Amino acid sequence: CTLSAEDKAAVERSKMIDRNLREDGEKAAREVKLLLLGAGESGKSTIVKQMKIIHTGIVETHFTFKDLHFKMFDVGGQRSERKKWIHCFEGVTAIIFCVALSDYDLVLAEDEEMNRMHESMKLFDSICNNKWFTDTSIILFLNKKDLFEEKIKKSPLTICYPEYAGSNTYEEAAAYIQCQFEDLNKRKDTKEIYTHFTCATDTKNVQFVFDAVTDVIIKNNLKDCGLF
Amino acid sequence: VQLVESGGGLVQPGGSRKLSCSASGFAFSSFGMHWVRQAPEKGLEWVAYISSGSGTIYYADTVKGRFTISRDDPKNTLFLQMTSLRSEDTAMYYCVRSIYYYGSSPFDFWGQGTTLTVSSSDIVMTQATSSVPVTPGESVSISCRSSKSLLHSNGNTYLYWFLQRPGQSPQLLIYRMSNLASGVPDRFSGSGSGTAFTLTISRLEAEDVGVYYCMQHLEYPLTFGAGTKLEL
Amino acid sequence: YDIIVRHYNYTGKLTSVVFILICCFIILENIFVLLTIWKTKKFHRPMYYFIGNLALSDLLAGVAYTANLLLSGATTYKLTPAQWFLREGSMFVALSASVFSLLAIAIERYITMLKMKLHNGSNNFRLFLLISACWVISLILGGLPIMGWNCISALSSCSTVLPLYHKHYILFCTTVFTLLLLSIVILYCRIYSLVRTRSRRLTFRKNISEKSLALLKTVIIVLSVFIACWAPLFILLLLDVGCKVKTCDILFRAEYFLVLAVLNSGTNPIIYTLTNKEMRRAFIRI
Amino acid sequence: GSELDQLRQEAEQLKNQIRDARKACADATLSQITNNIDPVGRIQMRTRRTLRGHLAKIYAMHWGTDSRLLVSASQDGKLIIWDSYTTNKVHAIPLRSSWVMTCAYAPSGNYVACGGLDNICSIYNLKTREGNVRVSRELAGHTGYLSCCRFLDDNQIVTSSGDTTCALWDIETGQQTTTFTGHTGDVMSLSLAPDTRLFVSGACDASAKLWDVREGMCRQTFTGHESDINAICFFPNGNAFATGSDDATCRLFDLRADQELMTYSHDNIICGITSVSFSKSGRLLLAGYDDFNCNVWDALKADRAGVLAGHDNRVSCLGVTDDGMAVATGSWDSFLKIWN
Amino acid sequence: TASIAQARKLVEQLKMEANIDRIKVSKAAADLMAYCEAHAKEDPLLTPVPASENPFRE
Ligand SMILES: CCc1cc(-c2noc(-c3cc(OC)nc(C4CCCC4)c3)n2)cc(C)c1OC[C@@H](O)CO
Ligand SMILES: CCCCCCCCCCCCCCCC(=O)O
Ligand SMILES: CCCCCCCCCCCCCCCC(=O)O
Ligand SMILES: CCCCCCCCCCCCCCCC(=O)O
Ligand SMILES: CCCCCCCCCCCCCCCC(=O)O
């Protein structure tokens, strides 16, 4: 109509650009994005290494399992304030958390009265009760268990937790630590916390992550169509 | 950037071969391609054009419904097919690329071209003169008159200008009014009003001599000029 | 005007303030539910548009029923047969639009639950197609009796519970409603079995069942409210084809049978709002 | 121990002397002087274009020099270059890492930079001989995340990272030339001078400092905010700047007189400020609040004169064009709007 | 020790900053007001312009 000869060609370019954007927008919307967090010596490297790999600042890891594309964001090199760059991770499926069971008799560096287990508990309390992560579930991983066995067989657990009535065995100590990490969850009606103990078998951890992601997807689909 | 063509020779009227050219050195998947026929010792005219992605295909009124054209993104090759032949189709064919967006310069690079011999309303653009003798280092003004006001409601005209070097393909100088293309010197300059257009050259050397052609782009039936030759 | 009195004499037809009251209450509740969706910008996904369409169809059903109740009386004898057909056609298109919008809601739910699309973004083509299809099918079903099966030529072929309507049209509507109810039950049973079978076998090991138990309750509530409130009218329209004329008593007092069918449409928004927590909180805010 | 103590008390005495020198130069406020002028009644702005096409949050945008083209960065990994007049798109530059928090447009219209969370400023070329866009340079010398970057020239670019430092780069060589240090908190906003000689940076601890690009030293520092700084923009004259914040307060400082002039606070706003920009003549101070709408705060009257409430989610970036013909606001709902 | 160096650096920076010139607030406010009133004609934000010249017409 009122458009000139070569102006109509510029409009066709915009339509092709929009089509290419919509094509790539439907490919990145069918892959699961999940953030990985943890303390300094929480064994995040061992967790990200034991899983299968297909792939300074943020480090992205891509891997596939049972026809699902997972993305692993490892924000560990960001020494800046976490409050400033935490709102860009608002849209995320799960939040992997890594804590060490054997890291309860080892105090912080350049310090003697602060315990690293309490620091990990405080970080988990700050992450789970954040105002952005109010609907995203949390997958929790207990990294070391055999070292925790060898450490608790000789050293009592009352050193870290001054309230403890059970015996110095791992079967109830693991449940106590898990229940203590479960209580730091104020949003009890909008998110869940899946607990798993990291084992030497590499397939079991990936299977647990896949199961948790599938349950989160089912819950989101149920909440989507107003059926739950 | 390189454009070579093949598929030309001596053919009989009624049937011919296919004109194919290969593109290598740029993103061929996002460029609209044209075809320009240059008759022997005569003027050049437009043939066909394909949009990016083979969306819109158009032909000239002379060969409307008589040619078959298509692209090929995977191998970056453009094909042109002849159905019926005449005694005037003997000419030199050129395949030139073009991209259309805000601030772009269409058909900046033409190519080389191939030859073809045969054995036996629309905007009219005219030139001021045909050939004029000129001495080196003299400011010359080449004027091309149009039969319709090329000034659009947007505010920019659509009169392109390109110089033909004797022995090779032409090259663009200014695309809308005066904006010089990339690689041309600052001596060339353009100006116009909407109906009468002129081109002024400050310094004239022995390296810039040939035939000047003026082309419109407002109305889609692209039409070139007769051609102004410069004699040293 | 002679056909009306003749058919009413050959057929045998020669507390309403509370029905208009419950109808006005239905209209008010439904327009409130509709303005709840319309005002809030969050409820703009293709899913809530189906509930908005259901509310729009329920509003038309309530308006048509109160208009039929106001028109029913002594004025129906001198009322022209054209308006007589148009009123029943409006009632029928309203009820058919309600049932077909419920079926479209169930279809969209089954589709969104069959494949884990993982994002609420969906094409509006299916939404528009389903809405237009249900509306035009309801309109055709309401307007068909005017073209054919008018009983103007016949004498005993048309129905006893309401004259000028052939047995064939009543039976056709009966089979249509039976097919729609069967499809609804099948779709909900499948949308439950899928979630029940996917949760137990593929997500076996979690140290987090509860999801399935909560669901089955919603499905059984929806089905038990839909089927129980549409059984009397179905039985009445199925007995009317078999019960002979001049000898049938129950068809005379057939007002309550339609009252239940209209009350179901009015109580549907209660179920479709109290089920989801988001819509309930949004209604509480307003 | 004693040396540290005497150094601390000397620093405190110098700070007190600076405070007294700043207090002595104050005689009349801005409100008392600008009290005999006619204030603007209402500024009614209606949206003209709705540039849609993004599929995630929008974190930054910049207007071109020709006042016609604008580039916007989003989380899905795209750097679309829009056309303000006809709504068409010109380019759809993809990104390596889909975590971007800044973007810039060169004053010559050739290059486009876009940093992000990967603490790397990628510079793209738009006038290549081919038909695509290439990464001309990839600057990587920052430890903390990159926050904002503006083109000082066609060959020099200055960046403000999250590791309490700002640096000036050289696109030709690839290494930084001058490193500006002195901030204690995270630097997350800066703006260049009209003559491109000085620039200020907004830290994350209630502080704003003025730097010179030649000497690479801190000339003045400005305090007075409560929470932190979140956005800064210069005055068109070049001797003032407005700093946003998180405690619903944006103030106007001065360069020749290093003292706060006027604050723009209201009892109805309790939410932060994401973007601040002036007008063509420095009379309207548009501010983008994170309560889903903007404000048109006056400059010389400290009163509200309009609300651009046509957005769904928090606005994160907005800028007035060069010739002052229109404004553009980009929010987290993947929708840009051109008001006028 | 290592904080003595940064302490001396901060002291030197404060001493260098304290030697800057200061201008009365009245002069700066008057200059800002004069600049804002002089360029008030070429500001299409607060000054309404007819739709015949707005490139963003609708
Ligand atoms: C005999 C009772 C009666 C039914 C209907 C009716 N109007 O519509 C339906 C209907 C029933 C039904 O079966 C449950 N199914 C449908 C369709 C079928 C497909 C989807 C919805 C419609 N009944 C209308 C009137 C005026 C009526 O008598 C009113 C008395 O005052 C007469 O004196
Ligand atoms: C509105 C009620 C009547 C509906 C009549 C048509 C029946 C449904 C047809 C479309 C069903 C969906 C088809 C597959 C779509 C998909 O997989 O995306
Ligand atoms: C007049 C009666 C009409 C009845 C129409 C019933 C339509 C039922 C459709 C059920 C299947 C829905 C589409 C599923 C397609 C798939 O994803 O495999
Ligand atoms: C109250 C009367 C209802 C009459 C109709 C009831 C029909 C029930 C049919 C249930 C079919 C269940 C299909 C399960 C499919 C699967 O195994 O995945
Ligand atoms: C009087 C109202 C009766 C309503 C009856 C509704 C029946 C609901 C059935 C619940 C879902 C059962 C799914 C079983 C699937 C299977 O066994 O394969």
# chains A, B, ... in the order shown; residues from 1 in each chain; ligands from 1
$ interface_residues --of "chain D" --to "chain B" --cutoff "10 Å" --atoms "only C-alpha atoms" --output "JSON, numbers by chain"
{"D": [68, 69, 83, 88, 89, 90, 91, 127, 128, 129, 130, 131, 132]}
$ write_last_selection --atoms "N, CA, C and O atoms" --output "PDB file, in the first residue's frame"
ATOM      1  N   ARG D  68      16.778   7.147  16.292  1.00  0.00           N
ATOM      2  CA  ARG D  68      15.841   6.325  15.539  1.00  0.00           C
ATOM      3  C   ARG D  68      15.981   4.851  15.899  1.00  0.00           C
ATOM      4  O   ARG D  68      14.995   4.109  15.891  1.00  0.00           O
ATOM      5  N   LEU D  69      17.199   4.419  16.212  1.00  0.00           N
ATOM      6  CA  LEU D  69      17.490   3.027  16.517  1.00  0.00           C
ATOM      7  C   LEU D  69      17.797   2.857  17.998  1.00  0.00           C
ATOM      8  O   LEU D  69      18.391   3.734  18.631  1.00  0.00           O
ATOM      9  N   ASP D  83      13.722  -0.692  15.424  1.00  0.00           N
ATOM     10  CA  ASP D  83      13.499   0.564  14.725  1.00  0.00           C
ATOM     11  C   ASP D  83      12.323   1.260  15.397  1.00  0.00           C
ATOM     12  O   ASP D  83      11.212   0.724  15.418  1.00  0.00           O
ATOM     13  N   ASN D  88       9.952  -2.252  13.150  1.00  0.00           N
ATOM     14  CA  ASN D  88      10.684  -3.371  12.579  1.00  0.00           C
ATOM     15  C   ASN D  88      11.975  -3.629  13.351  1.00  0.00           C
ATOM     16  O   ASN D  88      12.485  -2.769  14.075  1.00  0.00           O
ATOM     17  N   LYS D  89      12.502  -4.838  13.189  1.00  0.00           N
ATOM     18  CA  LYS D  89      13.786  -5.218  13.759  1.00  0.00           C
ATOM     19  C   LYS D  89      14.855  -5.179  12.677  1.00  0.00           C
ATOM     20  O   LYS D  89      14.579  -5.459  11.507  1.00  0.00           O
ATOM     21  N   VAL D  90      16.074  -4.828  13.072  1.00  0.00           N
ATOM     22  CA  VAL D  90      17.196  -4.730  12.153  1.00  0.00           C
ATOM     23  C   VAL D  90      18.177  -5.881  12.336  1.00  0.00           C
ATOM     24  O   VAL D  90      18.719  -6.398  11.357  1.00  0.00           O
ATOM     25  N   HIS D  91      18.415  -6.299  13.576  1.00  0.00           N
ATOM     26  CA  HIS D  91      19.321  -7.405  13.846  1.00  0.00           C
ATOM     27  C   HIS D  91      18.803  -8.198  15.035  1.00  0.00           C
ATOM     28  O   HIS D  91      18.018  -7.701  15.846  1.00  0.00           O
ATOM     29  N   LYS D 127      28.698  -3.178  10.816  1.00  0.00           N
ATOM     30  CA  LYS D 127      28.956  -2.736   9.452  1.00  0.00           C
ATOM     31  C   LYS D 127      29.997  -3.618   8.775  1.00  0.00           C
ATOM     32  O   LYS D 127      30.902  -3.133   8.093  1.00  0.00           O
ATOM     33  N   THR D 128      29.879  -4.930   8.956  1.00  0.00           N
ATOM     34  CA  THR D 128      30.810  -5.855   8.333  1.00  0.00           C
ATOM     35  C   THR D 128      30.560  -5.941   6.831  1.00  0.00           C
ATOM     36  O   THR D 128      29.502  -5.556   6.323  1.00  0.00           O
ATOM     37  N   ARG D 129      31.562  -6.454   6.112  1.00  0.00           N
ATOM     38  CA  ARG D 129      31.420  -6.629   4.670  1.00  0.00           C
ATOM     39  C   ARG D 129      30.387  -7.700   4.346  1.00  0.00           C
ATOM     40  O   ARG D 129      29.693  -7.613   3.326  1.00  0.00           O
ATOM     41  N   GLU D 130      30.268  -8.712   5.200  1.00  0.00           N
ATOM     42  CA  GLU D 130      29.273  -9.760   5.022  1.00  0.00           C
ATOM     43  C   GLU D 130      27.920  -9.260   5.525  1.00  0.00           C
ATOM     44  O   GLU D 130      27.737  -8.076   5.824  1.00  0.00           O
ATOM     45  N   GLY D 131      26.949 -10.161   5.623  1.00  0.00           N
ATOM     46  CA  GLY D 131      25.619  -9.815   6.070  1.00  0.00           C
ATOM     47  C   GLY D 131      25.316 -10.096   7.523  1.00  0.00           C
ATOM     48  O   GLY D 131      24.208  -9.795   7.977  1.00  0.00           O
ATOM     49  N   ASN D 132      26.259 -10.659   8.270  1.00  0.00           N
ATOM     50  CA  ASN D 132      26.057 -11.012   9.667  1.00  0.00           C
ATOM     51  C   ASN D 132      26.829 -10.052  10.567  1.00  0.00           C
ATOM     52  O   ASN D 132      27.461  -9.096  10.110  1.00  0.00           O
TER      53      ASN D 132
END
$ residues_around --residues "residue 72 of chain D" --least-positions-apart "4" --cutoff "9 Å" --atoms "only C-alpha atoms" --output "list in words"
residues 58, 59, 60, 61, 62, 78, 79, 80, 81, 82, 102, 103, 104, 330 and 336 of chain D
$ write_last_selection --atoms "N, CA and C atoms" --output "compact mmCIF listing (two decimals), in the first residue's frame"
# COMPACT_ATOMS: atom_id res chain seq x y z
N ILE D 58 13.85 -7.93 30.53
CA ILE D 58 14.68 -6.94 29.85
C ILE D 58 15.44 -6.17 30.91
N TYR D 59 16.76 -6.08 30.75
CA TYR D 59 17.62 -5.51 31.77
C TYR D 59 18.28 -4.19 31.39
N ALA D 60 18.38 -3.86 30.11
CA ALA D 60 19.00 -2.61 29.71
C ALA D 60 18.62 -2.29 28.28
N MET D 61 18.75 -1.01 27.93
CA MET D 61 18.56 -0.55 26.56
C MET D 61 19.27 0.78 26.40
N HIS D 62 19.61 1.12 25.16
CA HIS D 62 20.29 2.36 24.86
C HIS D 62 19.78 2.91 23.53
N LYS D 78 19.36 -12.57 23.54
CA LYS D 78 19.21 -11.82 22.30
C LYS D 78 19.54 -10.36 22.52
N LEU D 79 20.00 -9.70 21.46
CA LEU D 79 20.42 -8.30 21.48
C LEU D 79 19.74 -7.54 20.34
N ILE D 80 18.42 -7.69 20.25
CA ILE D 80 17.67 -7.14 19.12
C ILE D 80 17.89 -5.64 19.01
N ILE D 81 18.04 -5.17 17.77
CA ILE D 81 18.17 -3.75 17.47
C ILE D 81 16.89 -3.32 16.78
N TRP D 82 16.05 -2.58 17.50
CA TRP D 82 14.74 -2.20 17.00
C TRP D 82 14.81 -0.95 16.14
N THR D 102 23.64 -5.35 30.86
CA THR D 102 23.96 -4.05 30.30
C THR D 102 24.09 -4.17 28.79
N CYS D 103 23.95 -3.03 28.12
CA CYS D 103 24.19 -2.93 26.68
C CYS D 103 24.43 -1.47 26.34
N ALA D 104 25.16 -1.24 25.26
CA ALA D 104 25.49 0.11 24.84
C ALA D 104 25.45 0.20 23.33
N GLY D 330 11.66 -0.10 29.31
CA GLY D 330 11.66 -1.54 29.18
C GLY D 330 11.54 -2.23 30.51
N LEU D 336 8.76 -3.37 25.40
CA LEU D 336 9.21 -1.99 25.35
C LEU D 336 8.09 -1.10 24.83
$ atom_distance --atom1 "atom CA of residue 124 of chain C" --atom2 "atom 3 (C, counted along the ligand's line) of ligand 2"
16.0 Å
$ residues_near_ligand --ligand "ligand 4" --cutoff "9 Å" --atoms "only C-alpha atoms and all ligand atoms" --output "ChimeraX atom specification"
/C:181-183,185-194,197,223-224,227-228
$ closest_atom_pairs --of "chain C" --to "ligand 1" --cutoff "6 Å" --atoms "only C-alpha atoms and all ligand atoms" --output "Markdown table"
| residue | atom | partner | partner_atom_place_in_ligand_line | distance |
| --- | --- | --- | --- | --- |
| C:88 | CA | ligand 1 | 26 (C) | 5.6 |
| C:91 | CA | ligand 1 | 7 (N) | 5.3 |
| C:92 | CA | ligand 1 | 8 (O) | 4.1 |
| C:95 | CA | ligand 1 | 21 (C) | 4.8 |
| C:96 | CA | ligand 1 | 21 (C) | 3.5 |
| C:99 | CA | ligand 1 | 20 (C) | 5.3 |
| C:161 | CA | ligand 1 | 1 (C) | 4.9 |
| C:162 | CA | ligand 1 | 32 (C) | 5.2 |
| C:173 | CA | ligand 1 | 18 (C) | 4.5 |
| C:174 | CA | ligand 1 | 13 (O) | 5.8 |
| C:176 | CA | ligand 1 | 19 (C) | 5.3 |
| C:177 | CA | ligand 1 | 19 (C) | 4.5 |
| C:230 | CA | ligand 1 | 14 (C) | 5.8 |
| C:233 | CA | ligand 1 | 14 (C) | 4.9 |
| C:234 | CA | ligand 1 | 14 (C) | 4.5 |
| C:254 | CA | ligand 1 | 2 (C) | 5.4 |
| C:255 | CA | ligand 1 | 31 (O) | 5.4 |
| C:258 | CA | ligand 1 | 2 (C) | 5.8 |
$ select_by_dssp --residues "segment 59-107 of chain A" --states "strand (DSSP E)" --output "count of residues only"
18
$ decode --residues "segment 6-41 of chain E" --atoms "N, CA and C atoms" --output "compact mmCIF listing (two decimals), in the first residue's frame"
# COMPACT_ATOMS: atom_id res chain seq x y z
N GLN E 6 47.19 1.60 53.04
CA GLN E 6 45.88 2.08 52.59
C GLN E 6 45.37 3.22 53.45
N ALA E 7 45.74 3.25 54.74
CA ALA E 7 45.37 4.38 55.58
C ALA E 7 46.05 5.66 55.11
N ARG E 8 47.35 5.58 54.81
CA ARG E 8 48.05 6.75 54.28
C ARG E 8 47.48 7.17 52.93
N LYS E 9 47.10 6.19 52.10
CA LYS E 9 46.49 6.52 50.81
C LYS E 9 45.17 7.25 50.99
N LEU E 10 44.33 6.78 51.92
CA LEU E 10 43.06 7.45 52.19
C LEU E 10 43.29 8.85 52.75
N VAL E 11 44.29 9.01 53.62
CA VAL E 11 44.59 10.33 54.17
C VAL E 11 45.03 11.28 53.06
N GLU E 12 45.89 10.80 52.16
CA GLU E 12 46.33 11.64 51.05
C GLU E 12 45.17 11.99 50.12
N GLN E 13 44.27 11.04 49.88
CA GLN E 13 43.11 11.33 49.03
C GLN E 13 42.21 12.37 49.67
N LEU E 14 41.97 12.26 50.98
CA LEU E 14 41.14 13.25 51.67
C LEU E 14 41.81 14.62 51.66
N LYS E 15 43.13 14.66 51.84
CA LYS E 15 43.85 15.93 51.80
C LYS E 15 43.78 16.56 50.42
N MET E 16 43.87 15.74 49.37
CA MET E 16 43.78 16.27 48.01
C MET E 16 42.37 16.75 47.70
N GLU E 17 41.36 16.07 48.24
CA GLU E 17 39.98 16.49 48.00
C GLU E 17 39.63 17.76 48.76
N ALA E 18 40.18 17.94 49.96
CA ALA E 18 39.84 19.09 50.79
C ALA E 18 40.33 20.41 50.20
N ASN E 19 41.24 20.38 49.23
CA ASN E 19 41.81 21.59 48.65
C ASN E 19 41.06 22.07 47.41
N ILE E 20 39.86 21.55 47.16
CA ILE E 20 39.10 21.96 45.98
C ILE E 20 38.36 23.26 46.26
N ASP E 21 38.02 23.97 45.19
CA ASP E 21 37.31 25.23 45.31
C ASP E 21 35.82 24.99 45.49
N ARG E 22 35.17 25.89 46.23
CA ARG E 22 33.75 25.80 46.53
C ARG E 22 33.03 27.04 46.03
N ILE E 23 31.84 26.84 45.49
CA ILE E 23 31.00 27.92 44.97
C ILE E 23 29.72 27.96 45.79
N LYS E 24 29.21 29.16 46.04
CA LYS E 24 27.98 29.32 46.80
C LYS E 24 26.83 28.60 46.10
N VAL E 25 25.88 28.11 46.91
CA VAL E 25 24.76 27.36 46.37
C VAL E 25 23.83 28.26 45.56
N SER E 26 23.75 29.54 45.92
CA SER E 26 22.87 30.45 45.19
C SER E 26 23.30 30.60 43.74
N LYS E 27 24.61 30.72 43.50
CA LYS E 27 25.10 30.87 42.13
C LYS E 27 24.82 29.62 41.30
N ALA E 28 25.05 28.43 41.88
CA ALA E 28 24.79 27.19 41.16
C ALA E 28 23.31 27.03 40.85
N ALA E 29 22.44 27.33 41.83
CA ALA E 29 21.01 27.23 41.60
C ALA E 29 20.56 28.22 40.53
N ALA E 30 21.09 29.44 40.55
CA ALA E 30 20.73 30.42 39.54
C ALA E 30 21.19 29.99 38.16
N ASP E 31 22.39 29.41 38.06
CA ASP E 31 22.88 28.93 36.78
C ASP E 31 22.02 27.79 36.25
N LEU E 32 21.65 26.85 37.12
CA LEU E 32 20.79 25.75 36.69
C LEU E 32 19.43 26.27 36.23
N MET E 33 18.85 27.22 36.97
CA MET E 33 17.56 27.77 36.58
C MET E 33 17.65 28.52 35.25
N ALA E 34 18.74 29.27 35.05
CA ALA E 34 18.91 29.99 33.79
C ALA E 34 19.06 29.03 32.62
N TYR E 35 19.84 27.96 32.80
CA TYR E 35 19.98 26.98 31.73
C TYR E 35 18.66 26.28 31.44
N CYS E 36 17.88 25.98 32.48
CA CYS E 36 16.62 25.29 32.26
C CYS E 36 15.59 26.20 31.61
N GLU E 37 15.64 27.51 31.89
CA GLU E 37 14.70 28.44 31.28
C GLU E 37 15.11 28.87 29.88
N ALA E 38 16.41 28.82 29.56
CA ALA E 38 16.86 29.24 28.24
C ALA E 38 16.53 28.21 27.17
N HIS E 39 16.65 26.92 27.49
CA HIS E 39 16.41 25.85 26.54
C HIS E 39 15.00 25.27 26.65
N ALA E 40 14.07 26.01 27.26
CA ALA E 40 12.71 25.51 27.42
C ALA E 40 11.92 25.50 26.12
N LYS E 41 12.41 26.15 25.07
CA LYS E 41 11.68 26.20 23.81
C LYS E 41 11.89 24.94 22.99
